[PDB]
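Start at 1 and go down the list; that is how both ligands and their atoms are numbered. Worth knowing before you read on, the calculation uses all heavy atoms, side chains too, and leaves out hydrogens, waters and symmetry mates. Along the sequence shown, residues are numbered consecutively beginning with 1.
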Amino acid sequence: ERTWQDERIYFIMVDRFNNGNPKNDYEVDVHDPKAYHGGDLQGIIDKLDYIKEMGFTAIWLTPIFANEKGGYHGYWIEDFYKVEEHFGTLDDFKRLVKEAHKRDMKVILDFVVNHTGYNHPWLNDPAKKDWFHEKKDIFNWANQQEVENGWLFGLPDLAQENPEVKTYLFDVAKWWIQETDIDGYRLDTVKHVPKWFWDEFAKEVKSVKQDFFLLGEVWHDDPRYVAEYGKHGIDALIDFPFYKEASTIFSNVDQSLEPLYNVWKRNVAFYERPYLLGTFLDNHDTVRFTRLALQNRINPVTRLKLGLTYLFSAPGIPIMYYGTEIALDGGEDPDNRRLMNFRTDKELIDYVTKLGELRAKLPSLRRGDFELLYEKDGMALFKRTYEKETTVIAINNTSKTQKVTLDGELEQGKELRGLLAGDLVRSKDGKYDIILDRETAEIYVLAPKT
Ligand SMILES: OC[C@H]1O[C@H](O[C@H]2[C@H](O)[C@@H](O)[C@@H](O)O[C@@H]2CO)[C@H](O)[C@@H](O)[C@@H]1O
Ligand SMILES: [Ca+2]
Ligand SMILES: [Ca+2]
Ligand SMILES: [Ca+2]
Ligand SMILES: [Ca+2]
């Protein structure tokens, strides 16, 4: 049966994906990095087959609720019960969900509880003074209550301690679920909101949809800090510790993969559900992984193939930011949120398709254990086993041809059939000699000798 461990997520910033209706292009200006660029819900529906053909099983949309001026990204909300006018209507969104569901795809909406836009009407309502915390900047970030009570980036910080605010938020959470039949929320700014709140929130949204999925963004690289939030009703967490290592290691050649395995081991140590961690090479808040490769003066296509190979073969829930599949460039926010281009070379689109198909086909890649057999200076072998399937993931992140011999770590008398690139390694006297040319990868299934 399908579980969230089995899912692959395609992550989209609505305004920056596909402008499928030019008639809602209000003040659009593609040459202003802080304007709306036109991407909308019709654009998303038009590309669902594109997304599915890459092997993606779910989509995550940045927030669709009406924003104030300047809020192209969706995080400066003006009305919690309205679809943003640039993106479409409520009916256009219900059709998106129906069309995703027709293709067996899940829909995750980005959901904000922490704050409103700078100019939300509530700020003028004398009866709403107590809906917001005192207007203060966050200074001591080691003070968790200051982090929870301060105005993040000057954004009006909602007071969940007020039961009217809490009820409003639960009410709206439940409404979108009941009205549009979405499958989950990606929860923004989870660490700026107190833990007791998430326990109650979780209980509310699953009371209306038993299997409703929550993915928490807890922006921190310490897994002990992040994992505490999984005890408060949030199913899955964004893996910033994975990201930190994967972005760095795969953006240049001749770098050790071992820190990624320690990320795993630490995930098993600290989290209740270590397969339910969202893994990624970049996102809408980081520099593009392509930019990291460019900065290192090295071919980004090659870097992405190795990184994506790891992403689609390691534990977790892969989350691929729109544009990864065309090596879309971009520096810091807002330059990491460039309009998508659908008319490029297809090399990475096809590669990603292969990887998504292999992750779907090979249950060891979704549910297997995860063992490190060998790692030296970027040359890595991993093993995964699920029931009677054994897979070996070989990533040569070195600038040399590498030969590694396994002798004991695999059952003798068999062969490793390469499913990514067609390699074949037969057991010779109980040994498997694995050869990979520089900056290549292969995913092998252990099978009878042919
Ligand atoms: O105006 C400040 C800031 O707000 C938004 O940032 C988001 C971020 O994208 C989320 O993933 C998360 O960390 O919460 C933030 C606040 O909701 C905009 O995305 C950003 O461009 C802007 O500077
Ligand atoms: Ca449009
Ligand atoms: Ca608006
Ligand atoms: Ca807060
Ligand atoms: Ca080693």
Salt bridge flag under 4.0 Å for residues [X] and [Y]:
{"X": "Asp329", "Y": "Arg291", "answer": "yes"}
{"X": "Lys206", "Y": "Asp235", "answer": "yes"}
{"X": "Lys166", "Y": "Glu161", "answer": "no"}
{"X": "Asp254", "Y": "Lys400", "answer": "no"}
{"X": "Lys174", "Y": "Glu204", "answer": "yes"}

Cation-aromatic face contact [X]/[Y], 6.0 Å, 45 degrees:
{"X": "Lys106", "Y": "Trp4", "value": "yes"}
{"X": "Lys195", "Y": "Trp198", "value": "no"}
{"X": "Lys82", "Y": "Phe65", "value": "no"}

Tell me the protein heavy atom at minimum distance from [atom], and give that distance in Å.
{"atom": "atom 16 (C) of ligand 1", "value": "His115 NE2, 3.5 Å"}
{"atom": "atom 4 (O) of ligand 1", "value": "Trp76 NE1, 3.6 Å"}
{"atom": "atom 5 (C) of ligand 1", "value": "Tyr75 CB, 3.9 Å"}
{"atom": "atom 8 (C) of ligand 1", "value": "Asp285 OD1, 3.3 Å"}
{"atom": "atom 13 (O) of ligand 1", "value": "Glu217 OE2, 2.8 Å"}
{"atom": "atom 19 (O) of ligand 1", "value": "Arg337 NH2, 3.0 Å"}
{"atom": "atom 2 (C) of ligand 1", "value": "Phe153 CD1, 3.5 Å"}

Checklist entry - By atom name, which N, O or S atom belonging to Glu375 lies closest to the Ca ion (ligand 5)? => result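 Answer by atom name: O.
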Next on the checklist: Hydrogens and angles aside, do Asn114 and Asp157 bring a side-chain donor and acceptor to less than 3.5 Å of each other?
Outcome noted: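 Looking only at side-chain atoms, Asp157 and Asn114 do form a donor-acceptor pair, the distance falling under 3.5 Å.
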Checklist entry - Contact between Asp188 and ligand 1, counting heavy atoms under 4.0 Å? => result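 The answer is yes: ligand 1 sits under 4.0 Å from a heavy atom of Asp188.
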Next on the checklist: Under 4.0 Å, counting heavy atoms only: does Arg186 come that close to any atom of ligand 1?
Outcome noted: yes
Do [X] and ligand 1 have an N or O pair less than 3.5 Å apart?
{"X": "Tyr72", "answer": "no"}
{"X": "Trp219", "answer": "no"}
{"X": "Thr189", "answer": "no"}

Checklist entry - Would you say the side chain of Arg16 lies within less than 4.5 Å of the side chain of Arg338, judging by non-hydrogen atoms? => result no
Item to check | N/O/S atom name from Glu148 that is nearest to the position of the Ca ion (ligand 4) | outcome: O
Next on the checklist: Could you tell me, atom by atom, which parts of ligand 1 come under 4.0 Å of a heavy atom of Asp333?
Outcome noted: 20 (C), 21 (O), 23 (O)
Checklist entry - Relative to the heavy atoms of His284, which atoms of ligand 1 are at a distance of less than 4.0 Å? => result 9 (O), 10 (C), 11 (O)
Next on the checklist: Working to 10°, measure the angle at the Ca ion (ligand 4) formed by atom OD2 of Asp157 and atom O of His192.
Outcome noted: 160°
Next on the checklist: Closer than 3.5 angstrom, by distance alone: can the side chain of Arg186 be matched with the main-chain N or O of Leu109 as a donor-acceptor pair?
Outcome noted: no
Next on the checklist: Distance check below 3.0 Å: does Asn114 bring an N, O or S atom to the Ca ion (ligand 4)?
Outcome noted: yes
